[PDB]
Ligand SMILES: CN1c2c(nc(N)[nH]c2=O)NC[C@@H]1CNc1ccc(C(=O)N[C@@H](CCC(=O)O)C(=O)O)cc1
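Next up is one chain by itself, shown in structure tokens, the form solved without this ligand.
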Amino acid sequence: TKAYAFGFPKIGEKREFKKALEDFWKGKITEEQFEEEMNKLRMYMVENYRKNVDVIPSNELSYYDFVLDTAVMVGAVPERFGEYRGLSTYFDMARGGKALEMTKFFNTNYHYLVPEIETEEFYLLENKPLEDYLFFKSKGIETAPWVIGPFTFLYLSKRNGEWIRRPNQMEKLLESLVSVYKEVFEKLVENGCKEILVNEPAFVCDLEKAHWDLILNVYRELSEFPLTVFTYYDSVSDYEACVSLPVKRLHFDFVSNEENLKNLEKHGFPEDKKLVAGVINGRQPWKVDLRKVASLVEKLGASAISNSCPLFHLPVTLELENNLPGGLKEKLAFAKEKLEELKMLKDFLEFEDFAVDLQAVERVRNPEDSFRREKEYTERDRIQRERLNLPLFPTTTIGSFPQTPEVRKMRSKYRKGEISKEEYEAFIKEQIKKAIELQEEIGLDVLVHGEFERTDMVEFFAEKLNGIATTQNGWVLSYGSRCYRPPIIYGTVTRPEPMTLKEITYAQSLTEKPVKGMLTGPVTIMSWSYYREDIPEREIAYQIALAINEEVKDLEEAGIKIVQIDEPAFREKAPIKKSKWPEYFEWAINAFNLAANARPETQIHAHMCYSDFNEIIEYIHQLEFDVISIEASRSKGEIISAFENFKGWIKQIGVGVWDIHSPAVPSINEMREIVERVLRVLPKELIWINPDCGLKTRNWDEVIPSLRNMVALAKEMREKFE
């Protein structure tokens, strides 16, 4: 049985990739030295593949993004960049003020760079897949170039600001594109390349028959090449149509869904091609029963096997993770150990009761009114307004404030244990007190504690929740040179003790103005983490939801009038197929309402970072919040159209009027344009004024003046609509 593997992490066991990248950018090392560091990573990867699988991928060490590489390869370099000079122009397209837009790669935590097609004509600008081939060739190693298929490349790109996803939009462009590919392939085939790994994950989106008619012709023109196509993240939209493509080797993801299998054993698989069962999950870190897996591969008479989806979604290795909770490590498996499981499967082909809180589990299993707030919005509204006494067009912020390097250095010392709880506790309060006075002096109406004690919105909570563990070196690539260690939800989730009361209560005792409670939603917490697969995702979300609700009662009991639940993954966690959204939102909505099941007089705020709400608004309407903050600066308020077009919308809206990803200071005229836009249809008493999002990434010198304008804006605004 032929064993395949792809997506093995490119970062290195010590994140040497990130270091080489940052050393080159800062000027600490030359391109030659950079390349040397790179070539070493290449050997590190091929070495791991060789020891476990039969097919060793090639062209996988992207210096920033593989979609970007695909774009450079076909000549898609925006005119603003001039002539492609090399890494220099390559990094200009990846980072900095002229860079391509970045965004999430399908439903994962990896971000790619969006190509911008400015001409209908593509051409072979650079054959990176051949370069890399001859490279592992010189070193005496045979590799199968790893490329992103032509259909997917276009589907992940834009033209004149719009995704290129309708069949009429792609048709013309594709013809000119496959020309570059065929050209690339022939060259590979000439130099002896015996196999090419083509990636078409876009085959799993909700495609029209017309898409397939188009895809079919794409692959007819490339039929003379030794292509092996892979699909993952969900089931392919048209099974029968997919198994008809002019390809001899076809990969399927049998882990992330039940449709591929069901389809394959209801309509069968063609005898003119070979199946490569993707049976090892590349998105979860759990050790699996290679038994029941061998049974699958056997019953399906699959000729090959491989991981379901890329392995770059997992950490490099579990080897040194020896500080994990009791028994956890024994059940884990990261990238390298996934490669080892494949080998064990090949060779053979030739733990549920863990961490459980039955009272918690049962608690979840058992009233209905725990998902519904005792009163309807219109009633809660009256009370809250009376309690709050806020002015018309009340101003507030999203939560975090810039971080002094001292703030950063100190929070790390507490983790490392260098200082004591008391000493860190004292430091944070001085940071909070300083923040509260500044905000009061600026003129804000509703204040926040600054989140100086939090590394990030998910990690902070993972370390305080039972059933969730964090790793030491489990670093995963997000984009460019930035990595993140995703927590691991290994058991039933419960909160042992209050997690935020000390800072929130303290912050509030220093002011007569309302100080927001600051929580992260249940979906977002699991969206950024790995979690158990042996239980419905809905259950894990409910467990975390209960944990957060318990925290909400504490804040209320303590006298906090406003509580904010950040739920930016509400939409991001959503299935890739919009057709599978119904089921998903059902439990995602319940999880949020369960977490925000507060008393009538507690004003709940929901914060979301989405650039557009037209496709989920019917789902948002169902969340029992009292106000929802949104990022309206980029659209200059136009993002409000989904709200003003929603019949019967009556909830408050935190209009983001400032783009916190740019260090610039939004002028008053600037912020007004947006507010004015939002006041076109919606009642003035529904509007709040705030920044697009949190300020943890900005600097105080840019924040103070921007905040002053924002307060100055609301002042003027109140004078008008007096």
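Rigid core (definition): largest C-alpha set, two forms, superposition within 1.5 Å. When you see a residue number, it is the position in the sequence shown, counting from 1.
Note that the form solved in complex with this ligand isn't included here; everything after this is about it.
Visitor: Between the options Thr511, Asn127, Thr494, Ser478, which residue brings a heavy atom to within 4.5 Å of this ligand in the deposited bound form?
Guide: After the contact test, the surviving option is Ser478.
Visitor: Counting any non-hydrogen atom inside 4.5 Å, which residue from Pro568, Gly75, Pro167, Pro402 sits next to this ligand in the deposited bound form?
Guide: Exactly one listed residue reaches within 4.5 Å, namely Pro568.
Visitor: For the interface check, one of 214-222, 470-478, 175-183, 270-278 should have non-hydrogen atoms within 4.5 Å of this ligand in the deposited bound form; which one?
Guide: Only one stretch passes the 4.5 Å heavy-atom test: 470-478.
Visitor: State yes or no: in the deposited bound form, is some non-hydrogen atom of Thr505 no more than 4.5 angstroms from a non-hydrogen atom of this ligand?
Guide: Result no; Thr505 lies far from this ligand in the deposited bound form.
Visitor: Classify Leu87 as contacting or not contacting this ligand in the deposited bound form by the rule of any non-hydrogen atom within 4.5 angstroms, answering yes or no.
Guide: No, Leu87 sits far enough from this ligand in the deposited bound form that none of its heavy atoms falls within 4.5 Å.
Visitor: So in the deposited bound form, is this ligand close enough to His111 to count as touching (4.5 Å, heavy atoms)?
Guide: Yes, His111 sits close enough to this ligand in the deposited bound form that at least one of its heavy atoms falls within 4.5 Å.
Visitor: Using heavy atoms and a 4.5 Å limit, would one call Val361 a contact residue for this ligand in the deposited bound form?
Guide: Contact check for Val361: no, nothing within 4.5 Å of this ligand in the deposited bound form.
Visitor: Among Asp289, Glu418, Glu386, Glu376, which is the residue that shifts its C-alpha 2 Å or more between this form and the one not shown, core superposed?
Guide: Result of the comparison: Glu418.
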